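Right, one structure below, let's go through it.
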Amino acid sequence: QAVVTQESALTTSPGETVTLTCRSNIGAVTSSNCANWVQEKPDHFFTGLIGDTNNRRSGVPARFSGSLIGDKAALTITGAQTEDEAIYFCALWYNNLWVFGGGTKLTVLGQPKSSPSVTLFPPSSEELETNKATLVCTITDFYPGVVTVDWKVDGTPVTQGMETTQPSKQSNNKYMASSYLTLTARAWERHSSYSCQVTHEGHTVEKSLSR
Amino acid sequence: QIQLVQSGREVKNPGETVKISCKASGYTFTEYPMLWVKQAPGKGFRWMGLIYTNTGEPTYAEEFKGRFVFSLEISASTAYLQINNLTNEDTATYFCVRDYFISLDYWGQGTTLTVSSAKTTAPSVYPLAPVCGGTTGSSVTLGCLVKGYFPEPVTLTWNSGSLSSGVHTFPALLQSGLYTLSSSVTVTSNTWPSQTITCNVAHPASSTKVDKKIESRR
Amino acid sequence: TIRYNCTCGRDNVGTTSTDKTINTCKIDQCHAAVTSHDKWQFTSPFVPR
Numbered sequence: 219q220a221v222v223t224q225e226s227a228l229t230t231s232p233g234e235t236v237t238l239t240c241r242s243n244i245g246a247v248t249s250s251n252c253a254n255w256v257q258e259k260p261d262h263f264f265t266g267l268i269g270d271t272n273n274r275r276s277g278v279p280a281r282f283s284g285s286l287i288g289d290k291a292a293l294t295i296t297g298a299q300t301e302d303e304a305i306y307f308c309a310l311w312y313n314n315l316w317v318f319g320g321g322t323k324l325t326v327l328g329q330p331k332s333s334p335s336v337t338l339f340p341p342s343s344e345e346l347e348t349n350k351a352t353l354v355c356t357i358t359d360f361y362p363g364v365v366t367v368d369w370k371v372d373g374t375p376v377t378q379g380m381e382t383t384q385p386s387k388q389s390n391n392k393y394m395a396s397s398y399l400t401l402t403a404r405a406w407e408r409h410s411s412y413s414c415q416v417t418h419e420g421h422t423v424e425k426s427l428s429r
Numbered sequence: 001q002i003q004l005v006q007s008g009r010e011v012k013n014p015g016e017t018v019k020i021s022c023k024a025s026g027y028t029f030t031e032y033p034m035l036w037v038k039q040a041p042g043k044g045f046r047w048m049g050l051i052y053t054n055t056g057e058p059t060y061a062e063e064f065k066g067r068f069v070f071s072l073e074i075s076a077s078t079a080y081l082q083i084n085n086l087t088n089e090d091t092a093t094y095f096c097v098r099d100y101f102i103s104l105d106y107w108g109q110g111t112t113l114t115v116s117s118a119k120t121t122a123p124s125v126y127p128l129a130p131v132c133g134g135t136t137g138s139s140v141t142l143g144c145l146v147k148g149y150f151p152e153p154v155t156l157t158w159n160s161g162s163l164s165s166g167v168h169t170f171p172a173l174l175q176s177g178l179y180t181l182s183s184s185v186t187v188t189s190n191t192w193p194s195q196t197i198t199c200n201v202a203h204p205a206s207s208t209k210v211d212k213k214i215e216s217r218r
Numbered sequence: 196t197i198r199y200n201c202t203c204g205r206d207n208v209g210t211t212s213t214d215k216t217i218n219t220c221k222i223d224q225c226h227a228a229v230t231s232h233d234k235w236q237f238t239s240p241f242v243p244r
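Residue numbers (the entry's author numbering), protein chains in the order written: chain P, 219 to 429; chain L, 1 to 218; chain H, 196 to 244.
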């Protein structure tokens with residue numbers, strides 16, 4: 219049927235906010251088509267700040283504006299800060315229900331990058347007594363989007379069986395994960411030189427094994 | 001003001017069915033026709049239907065004609081999305097929402113769908129705690145991995161209910177034919193090595209439930 | 196003219212060429228029909244008034 223022929227991204231910045239002029243691939247903009255900006259974040263849930271073409275959203279600060287804008291639905295993440303940006307689904311509900319269109323990813327000023335919060339522990343002893351080793355260098359609370367893994371396999375960086383954790387929007391508000399440097403019981407047992415190198419933002423740092 | 005108090009990532013067979021609930025808490029879904037839709041994971045949401053407020057039946061989406069089905073757990077004005085024809089391509093998110101002003105005014109949770117085969121086991125506790133040397137600063141490093149969620153997943157928080165903040169629990173990963181659900185944490189050094197958070201990973205779809213306390217590295 | 200009906204709110208009972216709001220009531224907890232004037236409808240069989 220229709221499209222949100224507009225910003226499927228948004229451009230919000232510090233001092234301002236981004237109003238995606240999600241131009242009409244359906245027609246003109248209107249509140250009856252209910253062209254909205256449902257904001258979202260990591261944790262992936264779209265939430266309402268401006269909807270129905272004239273309505274605000276509850277729990278919203280002054281960071282939003284919901285209407286038809288330009289020549290389509292108009293979704294303002296307008297008042298972007300560290301709490302004022304989001305990825306919004308493009309509300310289309312032409313007397314039926316507000317489902318996703320294009321949806322503008324409006325930015326905001328914030329999130330200063332600072333090096334990855336590396337937690338350094340060895341692997342499990344029953345992992346070592348069960349023929350494995352996954353020595354944990356975790357990079358949590360990290361900034362910016364830069365993860366450095368130096369899986370020191372045999373002491374120098376060797377990728378024989380190593381495992382990474384997962385990137386997620388965590389309680390540091392930023393990049394984070396684990397990483398078990400991977401040896402066997404005897405494959406990482408004849409050599410006890412295991413290395414996890416944690417790198418934040420283009421800078422590296424080393425951690426060697428204990429035991 | 002709909003919040004879809006629902007379930008999470010349920011799992012199914014190839015072709016088989018399963019019902020992921022969303023009871024409506026926060027707002028009045030007993031007069032609220034609120035979205036209980038699917039989630040095509042690349043683009044976001046999925047138009048799978050809304051649920052009418054008084055009667056409890058949905059209207060079903062065009063692409064939701066197929067997997068998602070309507071039911072009405074209307075004791076708070078809520079529903080449940082039934083799953084029939086459990087797909088090879090049906091692995092994807094799901095959501096709820098409820099408001100006024102014909103767009104849905106609030107977007108609740110829903111949960112993910114794992115329509116795929118697996119093993120018969122869950123992830124199991126291996127600890128990544130502070131070492132026999134160090135494991136102390138202002139705080140020490142702590143964490144765990146419930147490795148081997150097949151069929152997954154295990155959810156892993158830090159201090160297992162007695163602690164919620166400070167455990168940076170990462171997602172279950174797909175490796176070696178398992179899900180690996182675990183995390184790290186800036187664990188206590190002015191709490192530890194005496195008192196720790198019992199970090200727990202729980203997943204009864206494979207029957208795993210492992211909490212690890214302040215345990216010694218050596 | 197509207198010819199509404201009350202299910203959740205008697206403002207759902209609406210006569211009007213003027214619009215309003217209902218909360219927590221669609222069809223199923225509203226009522227709407229076309230109840231207006233400007234016509235003396237003489238012989239309406241097969242669709243009762």
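C-beta atoms are modelled at their ideal positions from N, C-alpha and C, and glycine is treated no differently.
Which residues DSSP lists as bridging residue i, in chain order
{"i": "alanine 79 of chain L", "result": "L/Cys22"}
{"i": "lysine 119 of chain L", "result": "In the DSSP output, where bridge partners are listed per residue, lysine 119 of chain L has none listed."}
{"i": "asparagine 200 of chain L", "result": "L/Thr157, L/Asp211"}
{"i": "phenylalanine 150 of chain L", "result": "Note: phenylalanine 150 of chain L sits in no beta bridge, so no partner."}
{"i": "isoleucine 74 of chain L", "result": "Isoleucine 74 of chain L is not bridged to any residue."}
{"i": "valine 236 of chain P", "result": "P/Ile295"}
{"i": "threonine 114 of chain L", "result": "L/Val11"}
{"i": "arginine 198 of chain H", "result": "Partner(s): none; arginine 198 of chain H has no beta bridge."}
{"i": "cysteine 414 of chain P", "result": "P/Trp369"}
{"i": "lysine 323 of chain P", "result": "P/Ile305"}
Classification of residue i by the beta-carbon crowding that lies within 10 angstroms, buried from 16 upward
{"i": "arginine 404 of chain P", "result": "exposed"}
{"i": "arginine 244 of chain H", "result": "exposed"}
{"i": "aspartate 261 of chain P", "result": "exposed"}
{"i": "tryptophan 235 of chain H", "result": "exposed"}
{"i": "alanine 228 of chain H", "result": "exposed"}
{"i": "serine 242 of chain P", "result": "buried"}
{"i": "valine 242 of chain H", "result": "exposed"}
{"i": "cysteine 132 of chain L", "result": "exposed"}
{"i": "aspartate 233 of chain H", "result": "exposed"}
{"i": "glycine 148 of chain L", "result": "buried"}
{"i": "residue 198 of chain P", "result": "Residue 198 of chain P is absent from the structure shown; chain P starts at 219 and stops at 429."}
{"i": "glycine 177 of chain L", "result": "exposed"}
{"i": "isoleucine 287 of chain P", "result": "buried"}
{"i": "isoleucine 102 of chain L", "result": "buried"}
{"i": "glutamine 175 of chain L", "result": "exposed"}
Partners in chain H for residue i, counting only beta-carbon separations shorter than 8 Å
{"i": "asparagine 13 of chain L", "result": "Chain H residues near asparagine 13 of chain L: none, gap ~35 Å exceeds 8 Å."}
{"i": "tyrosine 94 of chain L", "result": "By Cβ distance, chain H contributes nothing, its closest Cβ being about 23 Å from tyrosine 94 of chain L, past 8 Å."}
Within chain L, partners of residue i - CB distance below 8 Å
{"i": "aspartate 359 of chain P", "result": "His168, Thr186"}
{"i": "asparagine 207 of chain H", "result": "Going along chain L, no residue has its Cβ under 8 Å from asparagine 207 of chain H, so there is no contact; the nearest lies around 11 Å."}
Neighbour list for residue i in chain P, Cβ cutoff strictly below 8 Å
{"i": "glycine 143 of chain L", "result": "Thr337, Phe339, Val354, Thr356, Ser396"}
Nearest-angstrom Cβ-Cβ length linking residue i and residue j, presumed shorter than 8 Å
{"i": "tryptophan 406 of chain P", "j": "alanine 351 of chain P", "result": "4 Å"}
{"i": "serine 226 of chain P", "j": "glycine 328 of chain P", "result": "With 8 Å as the limit, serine 226 of chain P and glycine 328 of chain P do not qualify as a contact, their Cβ atoms being about 22 Å apart."}
{"i": "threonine 213 of chain H", "j": "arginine 198 of chain H", "result": "Their Cβ separation, rounded to whole angstroms, is 14 Å, which puts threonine 213 of chain H and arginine 198 of chain H out of contact at 8 Å."}
{"i": "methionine 34 of chain L", "j": "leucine 104 of chain L", "result": "6 Å"}
{"i": "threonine 296 of chain P", "j": "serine 283 of chain P", "result": "5 Å"}
{"i": "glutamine 6 of chain L", "j": "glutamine 109 of chain L", "result": "5 Å"}
{"i": "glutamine 3 of chain L", "j": "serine 25 of chain L", "result": "5 Å"}
{"i": "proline 334 of chain P", "j": "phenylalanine 360 of chain P", "result": "3 Å"}
{"i": "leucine 86 of chain L", "j": "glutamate 16 of chain L", "result": "5 Å"}
{"i": "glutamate 152 of chain L", "j": "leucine 181 of chain L", "result": "7 Å"}
{"i": "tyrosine 126 of chain L", "j": "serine 386 of chain P", "result": "With a Cβ gap of about 20 Å, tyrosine 126 of chain L and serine 386 of chain P do not count as contacting."}
Under 7 Å by beta carbon: chain P residues contacting residue i
{"i": "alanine 76 of chain L", "result": "Within 7 Å Cβ-Cβ: nothing; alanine 76 of chain L doesn't reach chain P, min ~19 Å."}
{"i": "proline 171 of chain L", "result": "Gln384, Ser386"}
Where residue i meets chain L, residues with beta-carbon distance less than 9 Å
{"i": "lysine 221 of chain H", "result": "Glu31, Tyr32, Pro33, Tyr52, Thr53, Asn54"}
Interface residues of chain L facing residue i [CB-CB closer than 7 Å]
{"i": "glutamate 345 of chain P", "result": "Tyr126"}
{"i": "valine 256 of chain P", "result": "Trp107"}
{"i": "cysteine 203 of chain H", "result": "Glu31"}
{"i": "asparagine 200 of chain H", "result": "Result: empty, since nearest Cβ-Cβ is about 13 Å, beyond 7 Å."}
Continuous beta strand (DSSP E) stretch holding residue i: start and end
{"i": "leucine 50 of chain L", "result": "49-51"}
{"i": "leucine 310 of chain P", "result": "307-310"}
{"i": "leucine 156 of chain L", "result": "155-157"}
{"i": "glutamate 344 of chain P", "result": "Looking at the DSSP string, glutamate 344 of chain P is not in any beta strand (DSSP E); the run it does join, the alpha helix (DSSP H), is 343-346."}
{"i": "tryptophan 235 of chain H", "result": "Here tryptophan 235 of chain H belongs to no beta strand (DSSP E), and DSSP marks it neither H nor E."}
{"i": "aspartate 368 of chain P", "result": "365-371"}
{"i": "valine 278 of chain P", "result": "Note, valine 278 of chain P: premise wrong, no beta strand (DSSP E); not H, not E."}
{"i": "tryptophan 192 of chain L", "result": "It is not in any beta strand (DSSP E) - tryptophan 192 of chain L carries neither H nor E in the DSSP assignment."}
{"i": "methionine 380 of chain P", "result": "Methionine 380 of chain P -> no beta strand (DSSP E), and no H or E assigned at all."}
{"i": "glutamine 6 of chain L", "result": "3-6"}
{"i": "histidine 168 of chain L", "result": "167-175"}
{"i": "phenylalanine 95 of chain L", "result": "93-96"}
Contacts that residue i makes with chain P (C-beta to C-beta distance below 9 Å)
{"i": "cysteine 132 of chain L", "result": "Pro340, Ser428, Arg429"}
{"i": "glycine 44 of chain L", "result": "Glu258, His262, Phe264, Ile305, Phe307, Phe318, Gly321"}
{"i": "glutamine 6 of chain L", "result": "By Cβ distance, chain P contributes nothing, its closest Cβ being about 11 Å from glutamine 6 of chain L, past 9 Å."}
Within chain H, the residues that residue i reaches when beta carbons sit closer than 9 Å
{"i": "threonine 208 of chain L", "result": "The contacting residues do not exist; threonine 208 of chain L stays about 42 Å from chain H at best."}
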